[PDB]
Each structure stands twice: as C-alpha cells, then as structure tokens.
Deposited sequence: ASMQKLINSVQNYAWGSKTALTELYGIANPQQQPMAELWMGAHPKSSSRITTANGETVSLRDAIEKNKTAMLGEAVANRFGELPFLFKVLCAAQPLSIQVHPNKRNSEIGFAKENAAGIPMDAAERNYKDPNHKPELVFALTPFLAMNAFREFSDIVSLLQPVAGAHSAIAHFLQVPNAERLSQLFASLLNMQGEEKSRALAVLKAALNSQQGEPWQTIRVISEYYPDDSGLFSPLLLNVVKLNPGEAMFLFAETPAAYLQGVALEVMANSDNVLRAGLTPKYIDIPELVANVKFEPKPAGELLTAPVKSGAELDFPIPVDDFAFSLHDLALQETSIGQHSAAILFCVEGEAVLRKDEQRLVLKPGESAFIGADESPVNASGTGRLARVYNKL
C-alpha cells in the first residue's frame, strides 16, 4: 500500500552479461539471455510495475500525491531513471551535448520529422541533464580527455601511426587534440589499417594501462579507430562504492563491470567510437570540449551524514544516496518520490503496520505522500529521489 515492491524490466541487449544479475541478485535467467540493464522507474517504453499496474500510469493519475508538489510543478513526471548496468562487452564512446546544442539538435530532428524511436534519432531532450554511475563490482570505463602531457607520453610509441598524431605532439594543445580526435575517427581504408597496425605493434612492446584496456576493447572492436581513445581519454577502474559523473561535451565509455546508473528519462547521445554505426564527425567535434580533465576531478566526492552517504548532483532532477542499514531503525524521508534499492545484505522497510523485505537487487517505490519510511537490517540501501 504505502511501499510498492517494484517489478522491474530487464533489457536484454546483446552486450549484456548472461550471469551478472543472477550471480549478484539471484534473478532468474534459464534461457541464458544477455541481461544488459535492469530498469527501475517509469519510462514510457518499459516502466516498472507495482502490485499489477504500470508505475507510470499510477503516477499519471495522482502526480502531486506520488511525485510531490515540487517535482510535479518542476517536471510533471518521474524525473529520473534508475538502472543496474551489466557491461559484459565494452560499449560505444558517447558524448552528451550541452543545453544550448541539445535544444538545436532536438529541434533540428523534430523539424525533419525524425521519430523518437528511430535509430537515426540522437537528440531526445531539449536539455542537458547529467548522469551518475556508481560501481557495484569493479567497473572499467573511460571518461574525459587526459592532461596534455599524459596524452603526449602515451602517443610517443604510436607517433608513426598517423600524421595528425605527430601534429599533436609538435604542439600539444586543444585545437590539435580536436584535429587528432576527428582525424582518428575519419580514418579510411589503408590509412586506418596503417594506424591500427602501428597500435597493435605497440601493444606487444608496451605494458600496463591504458594498453591493457586497449587489448580488452580490441577483442570486440578489432577494426575500430576508437582503439586509440584510451590514449586520449582517462581510463578509470572504479572500485565498488565509488561514483562518476558524465559531463557534457565529454567523451565517455563503459567498458566492463556492474554499476548503478541514474539519469534523466530522455538522453542525447553522439557516438564517438567503438561502434559500427555512422558518425557525423563535424557535429561531434562541434559538441566536444577538448579541455583536459585531471584524474582527481573524475570521481564524485560523496558526503556522509549519519548513516546516509549522499552523492551531490549539480541539478535538481535527481539525487543519489547510500544508506548503511543497521538493526536499529533509521528513518529515510524525502519531499519527493523515491526508489529504494537493496545493494547488499538485506533491508526491512516499515511504514506504520506495513513491512516490506528487500533482498539484494530488489527495489521499492515510495510515493511522496508515504514519506518517511523506517529502514533496518544489514548492508546498504541505495535511494534515488529529489532534494526539492
């Protein structure tokens, strides 16, 4: 009644793990389909359900009661989508355009009648909202350009791969990094073969990172210019419990591991490597900020208050927090809708006389009108909500 145990959709994309969700959370998979994403939210294409009715429909009927006044007024819907992402294969490198360009791209595609579900559709929102990724198992990824001196150092053993690399080495700056980035992506035929050969040779003469990451990617993307991108972008291996923001105009890729993912329901994606799909390179370059981001600034620094561990997000759309469960009840309240997810151990949620048990991988939806709820047990409980 007050606490709705969620029935969640599993997107079976080809790149998904066949065993990850089953091993971690005991979720059934007898056909051994690749389970890529567990969706917790009210996305129109595949909303979570409550005991069954659609959560989206449940929210539609009583928005102010379910979402709260603040969220209803600001967004008019559940403003976030909460996912468990299981990367068995490396995914494409993606850029999320900024607000200004997101409006134009969104408008451009709408002006040409491009449907929202079409494969050509890159822009599905007239705004940039950030994305938080939170590691559940060791999570390999790429995020943002390295310091120019770091890129210089890493490009030395493959200087002869392409003239644009040599060009960047002469003057390591933003505009030549942009030229390098675009030229790499635009390599064709024997220009591509020559460059790749030089890289594959360097793999045998270089050790450690990011050369090991290139080897891991090359199994799935052997004939792809994106194999050079770990030399340009920071390779990050998040330990369980660490988190990362996806920034606008900043190339990033999820390579392997299991992680929680909070985002806005609609997303804008320009592919930037590790993909068979066509890439509009001028549009990509126009939507990329070629400014180095040091490794220290990649991880989101959380804030611990009591048993709550908040990961501050620079926008009101969604908030993320971990709650260390104890045997004594602690109150988990909010002025908005919340989705509670049991990360590990076990979570007993209580609202008056109602009790709801959540084993790892299970989740519950708490409406704004049913806050607060008392949580006890062991392990950690993850919450997505709004600080409004």
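The deposited sequence has C-alpha coordinates everywhere except the stretch 52-56.
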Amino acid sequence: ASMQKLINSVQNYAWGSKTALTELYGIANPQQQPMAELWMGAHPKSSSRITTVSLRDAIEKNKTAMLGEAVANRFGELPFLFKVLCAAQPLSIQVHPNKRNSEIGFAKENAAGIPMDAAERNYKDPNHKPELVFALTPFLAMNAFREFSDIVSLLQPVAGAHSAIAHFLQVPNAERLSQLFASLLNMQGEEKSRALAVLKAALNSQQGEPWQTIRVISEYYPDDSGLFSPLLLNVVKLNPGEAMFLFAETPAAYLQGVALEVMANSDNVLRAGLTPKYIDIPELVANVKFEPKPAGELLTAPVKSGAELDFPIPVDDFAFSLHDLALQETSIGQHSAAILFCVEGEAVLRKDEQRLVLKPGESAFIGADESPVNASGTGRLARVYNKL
From here on, numbers count along this sequence of modelled residues.
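Per-stretch averaging of Cα B factors for 347-355 and 33-41 places 347-355 on top. In this crystal structure, the stretch out of 150-158 and 107-115 whose C-alpha atoms carry the higher mean B factor is 107-115. Among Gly306, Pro126, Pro138, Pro251, the highest C-alpha B-factor in the deposited entry belongs to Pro126. The PDB entry assigns the greatest CA B-factor among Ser205, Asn234, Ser225, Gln94 to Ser205. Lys83: CA B factor in the lowest third of modelled residues in this chain (values from the PDB entry). Ranked by Cα temperature factor within the chain, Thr330 sits in the highest third according to the deposited record. The PDB entry assigns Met66 a C-alpha temperature factor belonging to the highest third of its chain's modelled residues.
Sort the chain's modelled residues by C-alpha temperature factor and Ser371 lands in the highest third, per the entry.
Per the PDB record, residue ranking by Cα B-factor puts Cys342 in the lowest third of the chain.
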